[PDB]
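**Q** So that you have it, the file is start_12.pdb, and it contains PDB, C-alpha atoms:
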ATOM      1  CA  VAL Z   1       0.000   0.000   0.000  1.00  0.00           C
ATOM      2  CA  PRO Z   2       2.258   2.840  -1.275  1.00  0.00           C
ATOM      3  CA  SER Z   3       1.397   6.548  -1.324  1.00  0.00           C
ATOM      4  CA  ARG Z   4       2.343   9.662  -3.283  1.00  0.00           C
ATOM      5  CA  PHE Z   5       2.250  13.431  -2.814  1.00  0.00           C
ATOM      6  CA  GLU Z   6       1.057  15.933  -5.421  1.00  0.00           C
ATOM      7  CA  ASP Z   7       2.620  19.369  -5.865  1.00  0.00           C
ATOM      8  CA  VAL Z   8       0.747  22.452  -7.054  1.00  0.00           C
ATOM      9  CA  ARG Z   9       2.140  25.795  -8.204  1.00  0.00           C
ATOM     10  CA  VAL Z  10       0.067  28.864  -7.338  1.00  0.00           C
ATOM     11  CA  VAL Z  11       1.018  31.998  -9.272  1.00  0.00           C
ATOM     12  CA  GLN Z  12      -0.470  35.484  -9.005  1.00  0.00           C
ATOM     13  CA  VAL Z  13       0.724  38.324 -11.239  1.00  0.00           C
ATOM     14  CA  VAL Z  14      -1.360  41.354 -12.209  1.00  0.00           C
ATOM     15  CA  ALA Z  15      -0.496  44.673 -13.850  1.00  0.00           C
ATOM     16  CA  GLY Z  16       2.658  45.497 -15.804  1.00  0.00           C
ATOM     17  CA  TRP Z  17       3.695  47.321 -18.975  1.00  0.00           C
ATOM     18  CA  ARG Z  18       1.438  48.450 -21.815  1.00  0.00           C
ATOM     19  CA  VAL Z  19       1.623  48.657 -25.606  1.00  0.00           C
ATOM     20  CA  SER Z  20      -0.551  50.620 -28.028  1.00  0.00           C
ATOM     21  CA  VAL Z  21      -1.291  48.954 -31.364  1.00  0.00           C
ATOM     22  CA  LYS Z  22      -2.613  50.531 -34.565  1.00  0.00           C
ATOM     23  CA  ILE Z  23      -5.254  48.967 -36.807  1.00  0.00           C
ATOM     24  CA  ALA Z  24      -6.795  50.643 -39.851  1.00  0.00           C
ATOM     25  CA  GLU Z  25     -10.381  49.396 -40.090  1.00  0.00           C
ATOM     26  CA  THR Z  26     -12.671  50.603 -42.874  1.00  0.00           C
ATOM     27  CA  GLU Z  27     -16.435  51.107 -42.708  1.00  0.00           C
ATOM     28  CA  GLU Z  28     -17.153  47.828 -44.491  1.00  0.00           C
ATOM     29  CA  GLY Z  29     -15.356  46.237 -41.544  1.00  0.00           C
ATOM     30  CA  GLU Z  30     -12.250  45.041 -43.377  1.00  0.00           C
ATOM     31  CA  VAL Z  31      -8.761  44.899 -41.868  1.00  0.00           C
ATOM     32  CA  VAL Z  32      -5.883  46.133 -44.022  1.00  0.00           C
ATOM     33  CA  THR Z  33      -2.521  45.817 -42.257  1.00  0.00           C
ATOM     34  CA  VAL Z  34      -1.597  46.050 -38.576  1.00  0.00           C
ATOM     35  CA  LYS Z  35       1.567  47.900 -37.566  1.00  0.00           C
ATOM     36  CA  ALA Z  36       2.579  48.055 -33.907  1.00  0.00           C
ATOM     37  CA  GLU Z  37       4.381  51.242 -32.880  1.00  0.00           C
ATOM     38  CA  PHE Z  38       8.031  50.583 -33.701  1.00  0.00           C
ATOM     39  CA  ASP Z  39       9.048  53.205 -31.140  1.00  0.00           C
ATOM     40  CA  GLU Z  40       7.464  51.696 -28.041  1.00  0.00           C
ATOM     41  CA  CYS Z  41       8.641  48.324 -29.349  1.00  0.00           C
ATOM     42  CA  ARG Z  42      12.199  49.640 -29.590  1.00  0.00           C
ATOM     43  CA  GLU Z  43      12.663  50.723 -25.976  1.00  0.00           C
ATOM     44  CA  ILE Z  44      10.866  47.608 -24.749  1.00  0.00           C
ATOM     45  CA  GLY Z  45      13.549  45.643 -26.587  1.00  0.00           C
ATOM     46  CA  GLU Z  46      16.221  47.371 -24.510  1.00  0.00           C
ATOM     47  CA  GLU Z  47      14.640  46.470 -21.174  1.00  0.00           C
ATOM     48  CA  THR Z  48      13.830  42.947 -22.348  1.00  0.00           C
ATOM     49  CA  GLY Z  49      16.845  42.241 -24.551  1.00  0.00           C
ATOM     50  CA  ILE Z  50      14.904  41.021 -27.590  1.00  0.00           C
ATOM     51  CA  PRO Z  51      15.079  42.574 -31.128  1.00  0.00           C
ATOM     52  CA  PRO Z  52      12.227  45.015 -31.996  1.00  0.00           C
ATOM     53  CA  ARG Z  53      10.864  43.230 -35.063  1.00  0.00           C
ATOM     54  CA  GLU Z  54      10.640  40.047 -32.997  1.00  0.00           C
ATOM     55  CA  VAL Z  55       8.657  41.943 -30.363  1.00  0.00           C
ATOM     56  CA  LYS Z  56       6.391  43.496 -32.989  1.00  0.00           C
ATOM     57  CA  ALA Z  57       5.318  40.113 -34.353  1.00  0.00           C
ATOM     58  CA  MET Z  58       4.764  38.978 -30.767  1.00  0.00           C
ATOM     59  CA  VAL Z  59       2.668  41.856 -29.434  1.00  0.00           C
ATOM     60  CA  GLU Z  60       1.014  41.985 -32.852  1.00  0.00           C
ATOM     61  CA  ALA Z  61      -0.364  38.446 -32.858  1.00  0.00           C
ATOM     62  CA  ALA Z  62      -1.687  39.383 -29.421  1.00  0.00           C
ATOM     63  CA  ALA Z  63      -3.819  42.362 -30.427  1.00  0.00           C
ATOM     64  CA  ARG Z  64      -5.351  39.825 -32.809  1.00  0.00           C
ATOM     65  CA  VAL Z  65      -6.436  37.431 -30.062  1.00  0.00           C
ATOM     66  CA  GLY Z  66      -6.420  40.125 -27.380  1.00  0.00           C
ATOM     67  CA  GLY Z  67      -4.509  38.513 -24.520  1.00  0.00           C
ATOM     68  CA  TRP Z  68      -1.462  38.731 -22.259  1.00  0.00           C
ATOM     69  CA  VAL Z  69       2.103  37.576 -22.924  1.00  0.00           C
ATOM     70  CA  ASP Z  70       4.664  36.076 -20.547  1.00  0.00           C
ATOM     71  CA  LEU Z  71       8.369  36.662 -21.161  1.00  0.00           C
ATOM     72  CA  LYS Z  72      10.015  35.137 -18.092  1.00  0.00           C
ATOM     73  CA  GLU Z  73       7.763  32.177 -18.899  1.00  0.00           C
ATOM     74  CA  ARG Z  74       7.380  32.416 -22.674  1.00  0.00           C
ATOM     75  CA  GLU Z  75       3.638  31.764 -22.702  1.00  0.00           C
ATOM     76  CA  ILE Z  76       0.536  33.230 -24.336  1.00  0.00           C
ATOM     77  CA  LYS Z  77      -3.082  33.036 -23.189  1.00  0.00           C
ATOM     78  CA  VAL Z  78      -6.374  34.921 -23.425  1.00  0.00           C
ATOM     79  CA  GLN Z  79      -9.464  35.468 -21.282  1.00  0.00           C
TER      80      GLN Z  79
ATOM     81  CA  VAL B   1     -10.602  55.355 -42.088  1.00  0.00           C
ATOM     82  CA  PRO B   2     -11.642  54.675 -38.449  1.00  0.00           C
ATOM     83  CA  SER B   3      -8.428  53.344 -36.918  1.00  0.00           C
ATOM     84  CA  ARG B   4      -8.767  51.045 -33.907  1.00  0.00           C
ATOM     85  CA  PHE B   5      -6.223  50.642 -31.105  1.00  0.00           C
ATOM     86  CA  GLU B   6      -5.633  47.838 -28.601  1.00  0.00           C
ATOM     87  CA  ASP B   7      -4.061  48.180 -25.160  1.00  0.00           C
ATOM     88  CA  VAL B   8      -1.955  45.030 -24.876  1.00  0.00           C
ATOM     89  CA  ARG B   9      -0.112  44.034 -21.705  1.00  0.00           C
ATOM     90  CA  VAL B  10       3.255  42.318 -21.246  1.00  0.00           C
ATOM     91  CA  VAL B  11       3.935  40.754 -17.848  1.00  0.00           C
ATOM     92  CA  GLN B  12       7.447  39.501 -17.092  1.00  0.00           C
ATOM     93  CA  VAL B  13       7.911  37.865 -13.693  1.00  0.00           C
ATOM     94  CA  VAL B  14       9.449  34.709 -12.228  1.00  0.00           C
ATOM     95  CA  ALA B  15       8.195  33.070  -9.038  1.00  0.00           C
ATOM     96  CA  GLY B  16       5.533  30.853  -7.474  1.00  0.00           C
ATOM     97  CA  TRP B  17       4.871  29.005  -4.221  1.00  0.00           C
ATOM     98  CA  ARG B  18       4.568  25.222  -3.964  1.00  0.00           C
ATOM     99  CA  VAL B  19       2.007  23.239  -1.959  1.00  0.00           C
ATOM    100  CA  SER B  20       2.312  19.766  -0.447  1.00  0.00           C
ATOM    101  CA  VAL B  21      -0.570  17.287  -0.491  1.00  0.00           C
ATOM    102  CA  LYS B  22      -0.917  13.743   0.843  1.00  0.00           C
ATOM    103  CA  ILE B  23      -2.722  11.174  -1.301  1.00  0.00           C
ATOM    104  CA  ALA B  24      -3.010   7.511  -0.327  1.00  0.00           C
ATOM    105  CA  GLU B  25      -3.391   4.906  -3.069  1.00  0.00           C
ATOM    106  CA  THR B  26      -3.858   1.135  -3.241  1.00  0.00           C
ATOM    107  CA  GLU B  27      -5.037  -0.326  -6.546  1.00  0.00           C
ATOM    108  CA  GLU B  28      -3.059   2.473  -8.191  1.00  0.00           C
ATOM    109  CA  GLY B  29      -6.406   3.768  -9.443  1.00  0.00           C
ATOM    110  CA  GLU B  30      -8.715   4.277  -6.469  1.00  0.00           C
ATOM    111  CA  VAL B  31      -8.092   7.090  -3.981  1.00  0.00           C
ATOM    112  CA  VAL B  32      -9.376   6.347  -0.482  1.00  0.00           C
ATOM    113  CA  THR B  33      -9.135   9.942   0.724  1.00  0.00           C
ATOM    114  CA  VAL B  34      -7.329  13.210   0.012  1.00  0.00           C
ATOM    115  CA  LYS B  35      -6.244  15.671   2.705  1.00  0.00           C
ATOM    116  CA  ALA B  36      -4.651  19.071   2.122  1.00  0.00           C
ATOM    117  CA  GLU B  37      -2.230  20.869   4.434  1.00  0.00           C
ATOM    118  CA  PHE B  38      -4.510  23.129   6.471  1.00  0.00           C
ATOM    119  CA  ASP B  39      -1.378  24.962   7.610  1.00  0.00           C
ATOM    120  CA  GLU B  40       0.151  26.023   4.295  1.00  0.00           C
ATOM    121  CA  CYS B  41      -3.419  26.858   3.292  1.00  0.00           C
ATOM    122  CA  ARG B  42      -4.012  29.188   6.235  1.00  0.00           C
ATOM    123  CA  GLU B  43      -0.747  30.997   5.515  1.00  0.00           C
ATOM    124  CA  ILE B  44      -1.587  31.246   1.819  1.00  0.00           C
ATOM    125  CA  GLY B  45      -4.862  32.973   2.672  1.00  0.00           C
ATOM    126  CA  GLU B  46      -2.806  36.031   3.605  1.00  0.00           C
ATOM    127  CA  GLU B  47      -1.441  36.213   0.062  1.00  0.00           C
ATOM    128  CA  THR B  48      -4.840  35.644  -1.540  1.00  0.00           C
ATOM    129  CA  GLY B  49      -7.021  37.545   0.927  1.00  0.00           C
ATOM    130  CA  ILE B  50      -9.968  35.206   0.405  1.00  0.00           C
ATOM    131  CA  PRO B  51     -11.233  32.812   3.136  1.00  0.00           C
ATOM    132  CA  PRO B  52      -8.950  29.813   3.942  1.00  0.00           C
ATOM    133  CA  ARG B  53     -11.451  27.101   3.031  1.00  0.00           C
ATOM    134  CA  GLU B  54     -11.917  28.622  -0.422  1.00  0.00           C
ATOM    135  CA  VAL B  55      -8.214  27.944  -0.940  1.00  0.00           C
ATOM    136  CA  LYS B  56      -8.443  24.409   0.432  1.00  0.00           C
ATOM    137  CA  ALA B  57     -11.244  23.355  -1.909  1.00  0.00           C
ATOM    138  CA  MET B  58      -9.311  25.093  -4.684  1.00  0.00           C
ATOM    139  CA  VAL B  59      -5.901  23.550  -4.015  1.00  0.00           C
ATOM    140  CA  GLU B  60      -7.688  20.286  -3.245  1.00  0.00           C
ATOM    141  CA  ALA B  61      -9.604  19.656  -6.464  1.00  0.00           C
ATOM    142  CA  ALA B  62      -6.424  20.647  -8.293  1.00  0.00           C
ATOM    143  CA  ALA B  63      -4.392  18.077  -6.368  1.00  0.00           C
ATOM    144  CA  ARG B  64      -6.764  15.483  -7.816  1.00  0.00           C
ATOM    145  CA  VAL B  65      -6.185  16.463 -11.442  1.00  0.00           C
ATOM    146  CA  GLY B  66      -2.720  17.849 -10.719  1.00  0.00           C
ATOM    147  CA  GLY B  67      -2.571  21.317 -12.268  1.00  0.00           C
ATOM    148  CA  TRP B  68      -1.617  24.957 -11.709  1.00  0.00           C
ATOM    149  CA  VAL B  69      -3.689  27.979 -10.708  1.00  0.00           C
ATOM    150  CA  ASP B  70      -3.649  31.677 -11.599  1.00  0.00           C
ATOM    151  CA  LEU B  71      -5.305  34.219  -9.309  1.00  0.00           C
ATOM    152  CA  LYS B  72      -4.582  36.906 -11.895  1.00  0.00           C
ATOM    153  CA  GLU B  73      -7.904  35.842 -13.406  1.00  0.00           C
ATOM    154  CA  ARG B  74      -9.056  32.966 -11.203  1.00  0.00           C
ATOM    155  CA  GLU B  75      -8.346  30.131 -13.636  1.00  0.00           C
ATOM    156  CA  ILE B  76      -7.367  26.462 -13.472  1.00  0.00           C
ATOM    157  CA  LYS B  77      -5.472  24.284 -15.944  1.00  0.00           C
ATOM    158  CA  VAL B  78      -3.895  20.826 -16.010  1.00  0.00           C
ATOM    159  CA  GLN B  79      -0.168  20.309 -15.487  1.00  0.00           C
TER     160      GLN B  79
END
Go through the file and emit its structure as structure tokens.

**A**
Amino acid sequence: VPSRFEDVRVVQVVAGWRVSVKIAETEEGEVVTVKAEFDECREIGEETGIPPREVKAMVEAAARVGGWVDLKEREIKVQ
Amino acid sequence: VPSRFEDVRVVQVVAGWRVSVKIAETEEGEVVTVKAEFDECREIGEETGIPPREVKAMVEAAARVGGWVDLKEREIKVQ
């Protein structure tokens, strides 16, 4: 009759940085091309240590699914 | 050309507390009973702010399916 213990990780992180994205939507409701501010993505690359373009494609895909991104964990999820 | 903007958020943090749980097994399939540390749970209530029991039933059910928890949005996923 052997036993075993189960471990559980409880995380809790709220609030952080912010990024403003730009999307040109027409009346018809069509989406042309999305371009995330290269400026805000530049400085963020200095505090993170990741190229800008790489960050643009990251934060970009987000605005599409509207969600949060984890760097120190490299994960992506949405509400 | 009505341009739309999205306020994305990038959270970068590393941490997380672990919880110990005792689970007795026999036929390696049936679980007689499952008890959770009422101590580590009472101390965790200070970090959550919500009643202690609420945490027990939360960290308990999770110990059954073995998974993590995020208070950032009160969610539960498998490990």

**Q** When you count only C-alpha atoms, which of these residues is closest to residue B:42: B:61, B:71, B:19, B:14?

**A**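 Of all the options, B:19 lies closest to residue B:42.
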
**Q** Return as a PyMOL selection string the residues belonging to chain B that are within 8 Å of chain Z, counting all atoms listed in the file.

**A** chain B and resi 1-26+59+62-63+66-72

**Q** Give me the RMSD in Å over all C-alpha atoms, paired in order, after least-squares superposition of chain Z onto chain B.

**A** 2.2 Å

**Q** Quick one, how far is atom CA of residue B:35 from atom CA of residue B:65?

**A**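 Value for the atom CA of residue B:35-atom CA of residue B:65 distance: 14.2 Å.
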
**Q** Take atom CA of residue Z:50 and atom CA of residue Z:33 and report the distance between them in Å, one decimal.

**A**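 According to the coordinates, atom CA of residue Z:50 and atom CA of residue Z:33 are separated by 23.3 Å.
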
**Q** At what distance in Å, to one decimal, does atom CA of residue Z:37 lie from atom CA of residue Z:75?

**A**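 So the two atoms, atom CA of residue Z:75 and atom CA of residue Z:37, lie 22.0 Å apart.
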
**Q** Emit as JSON the padded axis-aligned box for all listed atoms of stretch 23-29 of chain Z, 3 Å per side, with centre and edge lengths in Å to one decimal.

**A**
{"center_x": -11.2, "center_y": 48.7, "center_z": -40.6, "size_x": 17.9, "size_y": 10.9, "size_z": 13.7}
